[PDB]
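Rendered as structure tokens:
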């Protein structure tokens, strides 16, 4: 038998509970753009891919 | 008797607040922000009543 | 009682408990997430999306933020490949009234999806 919603008052019943899916810290992935968020002259070298637009 | 007459009632409040702090530490040990867990554990009807207290 | 029905009893009777809970406004978002996973185990994901949508409609900020995150994660994997455009509208609904810290996350996630499958200009 499997339980997932209640928090049993018996600890012996607590052992039966299914381990709930933990979230992922989405902010950690956001950090990569937050590291991109440093205010810099983004032509850091004369990189023509920045200088000339793509298609 | 030399302590305040309400001191044990204050202590009961403080122990209840420490039990809220214990739940906060429990979420931090599991690996989640206690604020985010609480939002997942709130039932909306409490917030409804709160707004009506304001209004 | 919900845990009793899910362990012992039939899918439809168990789901009827959740229906009563939703009508009575009892549900926490965690209970919704439990229900959503339960509906994924019974593989009626369209109902699972309806459950997320109902629980978003009952609740208010900040709480709705995490409900969106779990809902979008589930949708984008199987059905985000299949029918992309509904998620744009769903992102738009998610942005509505959003407090700034959670909104910041949602703007980046939406623009990433716009980079993955839509126009860069958007």
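Residue numbers (the deposited numbering), protein chains in the order written: chain Z, 57 to 111; chain M, 62 to 116; chain I, 490 to 611. Each residue gets a CB set at the ideal place from its N, CA and C atoms; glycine is no exception.
- A distance below 7 Å between beta-carbons, with the five flanking residues on each side excluded, links residue 526/I to no residue of its chain.
- Proximity of residue 548/I to chain M, defined by a Cβ-Cβ separation below 9 Å, is satisfied.
- The C-alpha of residue 571/I is placed about 16 Å away from the C-alpha of residue 580/I.
- At a C-beta separation below 8 Å, residue 79/Z has these neighbours in chain M: 93, 97.
- The alpha-carbon of residue 98/M is positioned some 32 Å away from that of residue 606/I.
- Straight-line measurement puts the Cα of residue 540/I at about 12 Å from the Cα of residue 512/I.
- Across the set 65/Z, 81/Z, 63/Z, 88/Z, the C-alpha of 81/Z shows the shortest separation from the C-alpha of residue 92/M.
- Between residue 568/I and residue 542/I, the C-beta spacing is not below 9 Å.
- When the five nearest sequence neighbours on each side are left out, the beta carbons in the same chain lying within less than 6 Å of the beta carbon of residue 537/I are those of 525, 528, 529, in order along the chain.
- Against chain I, a Cβ distance below 8 Å from residue 86/Z picks out 593, 594, 597.
- Look at residue 82/Z: its C-beta is under 9 Å from a C-beta on chain I.
- Sorting 522/I, 535/I, 515/I by C-alpha distance to the C-alpha of residue 108/M places 515/I at the top.
- Residue 73/Z is bridged by DSSP to 59/Z.
- Residue environment: residue 598/I is assigned as buried (16 or more neighbouring CB atoms within 10 Å of its CB, all protein chains considered).
- Separation of residue 611/I and residue 575/I (C-alpha to C-alpha, rounded to the nearest whole angstrom) is 16 Å.
- For residue 518/I, the enclosing alpha helix (DSSP H) starts and ends at 518-530.
- Here the alpha carbon of residue 104/Z sits roughly 37 Å from the alpha carbon of residue 562/I.
- Residue 573/I carries a coil assignment under DSSP once its states are collapsed to helix, strand and coil.
- By the Cβ neighbour-count rule, residue 586/I is exposed, with fewer than 16 other Cβ atoms within 10 Å of its own.
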